[PDB]
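One chain follows as structure tokens, the form deposited in one PDB entry.
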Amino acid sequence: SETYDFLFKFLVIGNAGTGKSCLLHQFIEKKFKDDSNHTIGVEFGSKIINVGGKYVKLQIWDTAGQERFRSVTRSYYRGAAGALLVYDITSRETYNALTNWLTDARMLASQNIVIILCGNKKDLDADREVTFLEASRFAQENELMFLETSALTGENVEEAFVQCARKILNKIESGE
């Protein structure tokens, strides 16, 4: 019965272990799933959101982060309008991988894809390995909006997905 005015394909991308699957599950179900294991292929969720009285259906591909699946994950960029690019604030390696993820999206996605950078596991701040300020500098240098999120608590998860959609809606309306 429920309709929508817009349909967008999104990805969730980033190194294994960063919390991609937990982020999608939090956005859709509003709970932390704590038995989550490695995605061995691709998972899907969808949700309709209300953006200013416009209903936007998000079709979201939660991709495998393990290196062994990289050629598979790369096949998903085509047709994606938006992506959440995720690292783990407690794992510097996952943050150091970000340049490679952005190189992939530059080569394989639409030049107009909207990417939101998510520093996840913010609830694990006592084990932080990446500063807010330093990630903020990187995002700015890369023309990306940046949020710290927690799949566990929900902090900024709805905001990340909604803002990706709002930025795509803005492109549709005006400019580039």
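The term rigid core refers to the maximal set of C-alpha atoms that superpose within 1.5 Å between the two forms. Only residues modelled in both forms are compared. Start at 1 and count along the sequence shown; that's the residue number.
Just so it is clear, the following notes concern the form deposited in another entry, a form of the same protein that is not shown.
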query = Can you tell which of 131, 50, 142, 66 moves its Cα by 2 Å or more between the shown form and the other one, with the two forms laid on the rigid core?
reply = 66
query = Relative to the superposed rigid core, does the CA atom of residue 75 travel 2 Å or more between the shown form and the other one?
reply = yes
query = Once you compare with this form, do the C-alpha atoms of residue 71 and residue 149 lie closer or farther in the other form, given a change of 3 Å or more?
reply = closer
request  = Just say closer or farther for the C-alpha distance from residue 18 to residue 73 in the other form, relative to the shown form; it changes by 3 Å or more.
outcome  = farther
message = At 2 Å or more of Cα shift, core superposed, where are the runs of at least three residues that differ between the shown form and the other one?
response = 64-75
